[PDB]
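Input: a single structure, listed below in structure tokens.
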Amino acid sequence: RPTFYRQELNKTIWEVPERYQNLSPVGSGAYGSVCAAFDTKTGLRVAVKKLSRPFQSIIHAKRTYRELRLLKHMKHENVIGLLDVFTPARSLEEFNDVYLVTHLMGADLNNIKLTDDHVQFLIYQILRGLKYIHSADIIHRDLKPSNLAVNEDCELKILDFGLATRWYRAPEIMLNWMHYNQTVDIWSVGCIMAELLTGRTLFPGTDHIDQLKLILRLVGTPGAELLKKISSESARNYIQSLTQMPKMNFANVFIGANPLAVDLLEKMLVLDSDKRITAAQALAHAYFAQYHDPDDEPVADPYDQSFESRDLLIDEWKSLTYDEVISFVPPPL
Ligand SMILES: Clc1cc(-c2ccncc2)c(-c2ccc3ccccc3c2)nn1
Ligand SMILES: Fc1ccc(-c2n[nH]cc2-c2ccncc2)cc1
Ligand SMILES: [Zn+2]
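Going letter by letter, the sequence shown gives residues 5 to 116, 121 to 171, 184 to 353 in UniProt numbering.
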């Protein structure tokens with residue numbers, strides 16, 4: 005076992021191995037807290053996340069397990085992965101804190121306007137990561153700029169997969197459709213790409229209602245083919261009761277942008293999710309001709325999510341998480 009040292013940073017106790025030095029607070033979301041640090045063993049800059057109250061309830065315990073399982077499975081250059089995972093606890097009985105470690109990323113996409125060349129590379133990387141994620145039957149569901157880490161080199165990694185946000189959400193979701201597919205993520209990517217090209221949020225709704233109205237203004241109210249797939253009687257009334265609007269001409273709305281970028285946007289921002297382009301198909305779009313390499317856009321190993329339907333005690337989830345910490349084997353340097 006390694007030697008741990010303790011310190012207090014921002015009213016948070018940090019107890020980690022000696023190998024990680026010079027902890028410095030980066031930010032504190034609700035998920036947990038993060039510090040940048042230096043890993044003496046590898047000479048690398050890393051980010052260490054300390055989970056907040058990981059076993060405070062069934063919800064939290066299952067969430068802690070879900071995140072650890074998912075992070076241990078993601079091995080892709082465009083998806084945040086695990087360099088290490090540890091606990092100061094020496095037994096299950098004492099186990100109450102979880103620490104996750106990954107490569108330190110200097111910024112996010114919100115912190116940029122961009123050349124068409126930079127938009128191509130950044131969206132390319134997002135899709136390449138999504139292809140991998142989607143291949144494992146995982147859906148991100150909350151893609152947005154702040155979930156995309158980027159370094160000075162413009163290398164990008166997707167954070168918080170399968171774990184206003186409303187601005188990047190697919191319409192089927194705030195219609196409360198409970199059978200949405202993986203292309204909910206493609207809608208988000210389309211919102212992101214548009215914003216990188218124009219420098220403006222595409223659909224800055226103030227609430228769920230307004231958000232839908234901004235969306236239909238651009239892509240038009242639903243056609244009869246899409247109307248037939250809506251079961252909710254409520255949803256139909258609301259939708260059919262709206263002032264029917266036509267799909268706008270994207271070449272006009274995004275006038276000045278690379279026509280190839282416009283073509284892709286049109287394929288991503290389709291109201292009917294069954295017609296949206298997939299990540300794999302998007303990667304082969306002529307817009308990414310300079311980066312697309314079919315032999316270097318890998319898929320993931322099968323991912324076992326059966327635990328999602330289990331109803332267990334906090335201690336059972338806690339125990340399962342303990343097991344995942346112990347069985348962890350770091351990736352080759
Ligand atoms: Cl908004 C945000 C940023 C980071 C982060 C910041 C800087 N560099 C890398 C990540 C992590 C974060 C920080 C540390 C992590 C460690 C292991 C697994 C995931 C992790 C996620 N979460 N959320
Ligand atoms: F106004 C809209 C906006 C989006 C949709 C939609 N797109 N893909 C799936 C749906 C959908 C929404 C609600 N119920 C079934 C299907 C349907 C109507
Ligand atoms: Zn480089």
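Just so you know, even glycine gets a beta-carbon here, dropped at the ideal spot from N, CA and C.
Under the three-state reduction of DSSP, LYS295 is assigned to coil, being neither helix nor strand. Each residue's CA atom was taken as its position, placing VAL290 and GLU98 some 51 angstroms apart. The segment 31–45 makes contact with the segment 11–18: 3 or more CB pairs, one atom from each, lie closer than 8 angstroms. Segment contact: the segment 273–291 against the segment 109–116, fewer than three CB-CB distances shorter than 8 angstroms; contact not assigned.
In the DSSP annotation of this structure, the continuous segment of the beta strand (DSSP E) that includes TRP18 starts and ends at 17–21. Distance from the Cα of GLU19 is smallest, within the candidate group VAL89, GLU81, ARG256, for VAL89. Within the DSSP bridge table, the entry for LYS54 names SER37, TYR103 as partners. Taken through DSSP and simplified to helix, strand or coil, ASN155 comes out as helix. By the criterion of a C-beta distance shorter than 7 angstroms, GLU286 is surrounded in its chain by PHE270, once the five residues flanking it on both sides are discounted.
The closest heavy atom of ligand 3 lies less than 7 angstroms from the beta carbon of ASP161. Cα atoms of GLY137 and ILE297: separation of roughly 15 angstroms, rounded to the nearest angstrom. Using a cutoff of 7 angstroms, the CB of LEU238 does not count as near ligand 2, since none of the ligand's heavy atoms is closer than that.
By a beta-carbon distance limit of 8 angstroms, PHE8 contacts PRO21. Their separation comes to about 6 angstroms.
A check of alpha carbon separations from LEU151 across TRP187, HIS126, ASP161, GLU160 identifies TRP187 as the nearest. Assignment of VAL349 by DSSP, reduced to helix, strand and coil, places it in the coil class.
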